[PDB]
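Residue numbers (the working numbering), protein chains in the order written: chain D, 1 to 499; chain R, 1 to 501; chain H, 1 to 56. Built from N, CA and C at the ideal position, the CB exists for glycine as well. Below is one structure, written out as structure tokens; comments come after it.
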Amino acid sequence: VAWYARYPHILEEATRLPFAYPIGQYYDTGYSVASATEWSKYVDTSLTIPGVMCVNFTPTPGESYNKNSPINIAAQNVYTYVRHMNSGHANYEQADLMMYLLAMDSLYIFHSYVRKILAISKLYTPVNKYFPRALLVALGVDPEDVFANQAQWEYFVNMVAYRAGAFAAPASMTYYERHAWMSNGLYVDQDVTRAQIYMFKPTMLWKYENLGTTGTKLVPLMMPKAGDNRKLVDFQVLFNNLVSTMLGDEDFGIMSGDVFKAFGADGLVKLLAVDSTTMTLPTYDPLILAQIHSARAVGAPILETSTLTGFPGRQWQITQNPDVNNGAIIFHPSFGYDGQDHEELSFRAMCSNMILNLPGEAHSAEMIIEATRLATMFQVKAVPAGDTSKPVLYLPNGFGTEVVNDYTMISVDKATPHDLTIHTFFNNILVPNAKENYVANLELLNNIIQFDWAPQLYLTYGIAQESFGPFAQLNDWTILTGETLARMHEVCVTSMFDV
Amino acid sequence: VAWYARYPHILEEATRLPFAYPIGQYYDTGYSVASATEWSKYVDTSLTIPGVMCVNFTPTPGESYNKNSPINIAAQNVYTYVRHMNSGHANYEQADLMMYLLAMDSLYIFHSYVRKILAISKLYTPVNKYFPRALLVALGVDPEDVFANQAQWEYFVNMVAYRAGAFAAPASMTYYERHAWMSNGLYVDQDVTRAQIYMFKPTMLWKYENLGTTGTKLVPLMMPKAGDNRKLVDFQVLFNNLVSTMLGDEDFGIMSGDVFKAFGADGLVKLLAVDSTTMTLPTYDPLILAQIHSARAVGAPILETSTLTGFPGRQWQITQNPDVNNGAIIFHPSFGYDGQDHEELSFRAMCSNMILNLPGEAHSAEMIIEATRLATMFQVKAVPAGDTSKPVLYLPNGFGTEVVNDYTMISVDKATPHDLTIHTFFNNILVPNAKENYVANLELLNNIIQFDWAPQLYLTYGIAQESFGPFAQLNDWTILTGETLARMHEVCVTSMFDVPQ
Amino acid sequence: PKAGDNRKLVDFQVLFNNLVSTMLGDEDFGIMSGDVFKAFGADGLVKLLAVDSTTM
């Protein structure tokens, strides 16, 4: 239009608009019709933008139920490598060496978690009100405690690194590097200033728990959830509990000495020290974005204290018995547990084949492999012992090194005083008949759409008795089968457990 | 790392997957758990992808209710130009010339509509089964009729172009260029092969119907909606109705000749001919995508035959009577009409301020002004004449040259035999208490999410009695005010109706 | 407006609209303006200098 070219001054004076609204603060759009107040709650003048979502992952060996599993193959390989350069101590097995290594991984994950907690609290920007209190709430700490005891937190994480330097683990194996990189980073969905932050929080750890002559057993160790005012004393208690049965074990000292002899001190994994001038910075990572987008929730871990009607002895433990399954490492968990002893009908929508969504047109093999690391489809229902089966558990076909349990989203409340909100959910949400459930689900959906590569959702309704497929924007997709997913997971786990 | 570089053959054999699923057919994902067949409806194995969305717009002069309106200023300017450049017949006025120009615009819109109908039918690609049957269904024709009478269709559209080209309209007025570029193209949401098509269909035309000493009055003319199997005889009836009082008229010939002398043939607007070798291609245009995204539906038009209890005489006509308002062109419609004589509760959600969402970080004034041409917010409810007010009508604060009435989306059915489906909706969707309404609304939302720059949604619930804000992914947004939008529309209309001097 | 009157932009807009209420959009006035244009073409016509933020 030549009129715009002829009157740019009037165009500029007519197009003066304030952009770049700082996120993390509640905004009211106002009323276009000033007399619409008679319809009080029939008009939505509120506008809240979420700014962070936490992916509650879990480190796993990858579906071992016999001696042909990648975990057992890596156990045999690492034991052969250690013992063929070892002249001396012969009192442990490949399985024992691998439980060590897994405990090393768990405490490395803990160190990365606490280091991220420390480095986040120094982040303050005018364009984002979520920084850093929302992130600290999502990770499950007390921002006031961190602000008051920054020095204590720094020295505690440094001491954690120093004490983790006592034992030795291989650095060629990429398990530790992948887990630390995943759990020690902030990821934006877009390369924009007011972007949304993606976080990974370990839902659980692997307290080593040696007792009895019937091998070892990695018992679950729970982790703080979002909205928990956990302090440095609680985190120190957690670390001491983790390393309580880890030091003072002469067999563990023997394993550490043998791996130190095998892999030289230069070839070990070392936790880097941190100081006051270390700044964590959100980064754009398309690979992590894609693998977050193609992630499927598996539910809460099952503990000994968790009651389950008809499913006894189904805890998430890594059992190692020399006289059971020929001494192979066994880890066969049952998914579909949410936390309460009821059906959780929403998990029924996970029984369909997953859809792998990818950006762009041409996809490389490595990118496709990295894009399905968190994907996990159920295969069969676990057989309930007894006539009562109030919960329903699904046995997976095979999973990768990490499994996603929940997703935590933090957003501004619509009501006064517009504080942060805690939203934990799986890939499937069940909405029963209620006055506010539908609008709450609508707010949930709109908040999730703000994130670019959000995980695909599977909504279900209690009144229609009908679920829904992926609630996502499909760009370049394919239908994945359980066998293909199992092959990809086997490849990825074997590659991760390599020396 | 090294393991991938050490077994790349097995990596490739494991990562060979079929991609680029052709859209336009129902895809069944199967069952991962073979025992899930007991839960019949609790597992959604269906996967349907929408392929086209139609924007049912309406050309408007731009909110005239006085002689000071931009349309009247432009009418005075163009009449002065023509009368000063010409010597001879002085028997019409600025208002008469302006309604002549509006009728010419309506004819051009109709010709572009039929030309696009003809040109779409020759589109076929293996990766999109929506071409061209779904596009024709959205446009409101019978694809069987088009393929049976292609020759008759080409002759009819060629005669329409020939008969519309007899009259003259200025090409320097960018009104015609904007309308033609809007109604003569297919637009993809992404620059990918399996993209979704954006389309523009005129909901209403502006039949002249010149009669009486009381000036002229451009009455609405309806057009075929989607899902109507209208044929060439119906389109010929529509054209003959449009030009019944316009072809062979001496005063109209006088006005067309005067416009020719004013703007000789070089400066006149011309319709491009269509034949068997004309191919239309989908194109990617971020400007039209943005102005689609920031578009707010205003509801169905009000006709003289449409009953409205408490709102009598609110037809969408362009009145020009010399004895009222000093002979100025009058056009002030009442929005909020859906088609039936009831409340239409979903329109209450539009009383909030609109949010102008734009891509990128830095936005030029050009993009900001071009991204809000279809936007329209209500200002005050129109008063109901009498004590009964079953419908509710909202008076706009000021609109651009086009107002969007409805949206139509075409997608495959989940059930056998997976035929196309018609989904007509405004920006606001109302769901009452029903077993199927919630799942249907979820299907609608998931279909809309597939479109990239889809218009923002305002859902309301029957048992909640509560609406919801913009159901869209905001990237870089601002809250727009009624006064700012009125200024923007005034500038846009003034720029739209421009005449050289 | 006299001195000591805190008249604002709305008052000045009211004054302008009152001044040109019967003068803008009038056919006889347009006829006279066109006749004056033909008499004294645009070179010989009086013009108002535009004002913006950089006029001192």
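- For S334/R, the CB contacts under 8 angstroms within the same chain, skipping 5 residues up- and downstream, are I302, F311, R314, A382, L393, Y394, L395 in chain order.
- When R16/D, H9/D, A5/D are compared, the shortest CA-CA separation from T484/R is found for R16/D.
- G44/H is outside the set of residues whose beta carbon lies under 9 angstroms from a beta carbon in chain R.
- Our two residues, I410/R and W181/R, have alpha carbons roughly 23 angstroms apart in a direct line.
- When the alpha-carbon of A95/R is set against those of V493/R, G400/R, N72/R, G253/R, the nearest one is in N72/R.
- The alpha carbon of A464/R has as its nearest neighbour, out of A297/R, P432/R, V259/R, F378/R, the alpha carbon of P432/R.
- Under the 9 angstroms criterion on CB atoms, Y27/R is classed as interfacial with respect to chain D.
- Taking 4 residues as the minimum length, the stretch 102-137 of chain D contains no alpha helix (DSSP H) run wholly inside it.
- Taking a beta-carbon distance threshold of 9 angstroms, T494/R does not count as an interface residue toward chain H.
- In summary, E38/R is exposed, with fewer than 16 beta-carbon neighbours lying within 10 Å of its beta-carbon over all protein chains present.
- Distance from the CA of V1/R to the CA of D105/D, rounded to the nearest whole angstrom, comes to 19 angstroms.
- For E344/D, there is no enclosing beta strand (DSSP E), as DSSP gives it neither H nor E.
- For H332/R, there are no neighbours in chain H by C-beta distance under 9 angstroms, as the nearest C-beta there is about 18 angstroms away.
- For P396/D, the enclosing beta strand (DSSP E) covers residues 394-396.
- Contact between the stretch 342-352 of chain R and the stretch 81-96 of chain R is absent: fewer than three C-beta pairs spanning the two stretches fall below 8 angstroms.
- A distance below 7 angstroms between beta-carbons, with the five flanking residues on each side excluded, links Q236/D to the following residues of its chain, in chain order: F156.
- Between the stretch 220-232 of chain D and the stretch 260-276 of chain D there are fewer than three C-beta pairs closer than 8 angstroms, too few to call the two in contact.
- Listed along the chain, the chain D residues whose CB falls inside 7 angstroms of the CB of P202/R amount to none; the nearest CB is some 21 angstroms away.
- For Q291/D, the secondary structure class from DSSP, reduced to helix, strand or coil, is helix.
- Taking CB atoms only, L24/H has a neighbour in chain R less than 9 angstroms away.
- One alpha carbon belongs to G215/R, the other to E443/D, and they sit about 53 angstroms apart.
- Residue ranges of uninterrupted alpha helix (DSSP H) with 4 or more members, entirely inside the stretch 188-270 of chain D and ordered along the chain, are 232-242, 250-262.
- A direct Cα-Cα distance of roughly 31 angstroms separates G30/H from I369/R.
- A Cβ-Cβ distance of about 31 angstroms is found for the pair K217/D and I292/D, leaving them out of contact under the 8 angstroms criterion.
- Of all C-beta pairs linking the stretch 134-148 of chain D to the stretch 403-421 of chain D, three or more are shorter than 8 angstroms, placing the two stretches in contact.
- Inclusion of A328/D and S69/D in the CB contact set at 9 angstroms is warranted, their separation being smaller than that value.
- In this structure, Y198/R and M53/R form a Cβ contact; the two beta carbons are roughly 6 angstroms apart against a cut-off of 8 angstroms.
- Per DSSP, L457/R is not a residue of any beta strand (DSSP E), being assigned neither H nor E.
- The Cβ of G30/H sits closer than 9 angstroms to at least one Cβ of chain R.
- Just measuring C-alpha positions, the residue of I120/D, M204/D, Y284/D sitting nearest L102/D is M204/D.
- Listed by position along chain R, the residues whose Cβ is nearer than 8 angstroms to that of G41/H form an empty set, because the closest Cβ is around 13 angstroms away.
- When C-beta atoms of the stretch 423-442 of chain D are compared with those of the stretch 266-280 of chain D, fewer than three pairs fall below 8 angstroms, so the two segments do not count as touching.
- Short of 6 angstroms from the beta carbon of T478/R, and not among the five residues preceding or following it, lie these beta carbons of its own chain, in chain order: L356.
- Under the DSSP assignment, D419/D falls outside any beta strand (DSSP E); it carries neither an H nor an E label.
- By the 16-neighbour rule on beta-carbons within 10 angstroms, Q473/R is buried.
- Sequence-ordered contacts of the stretch 83-97 of chain R with chain H read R83, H84, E93, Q94 [C-beta pairs closer than 9 angstroms].
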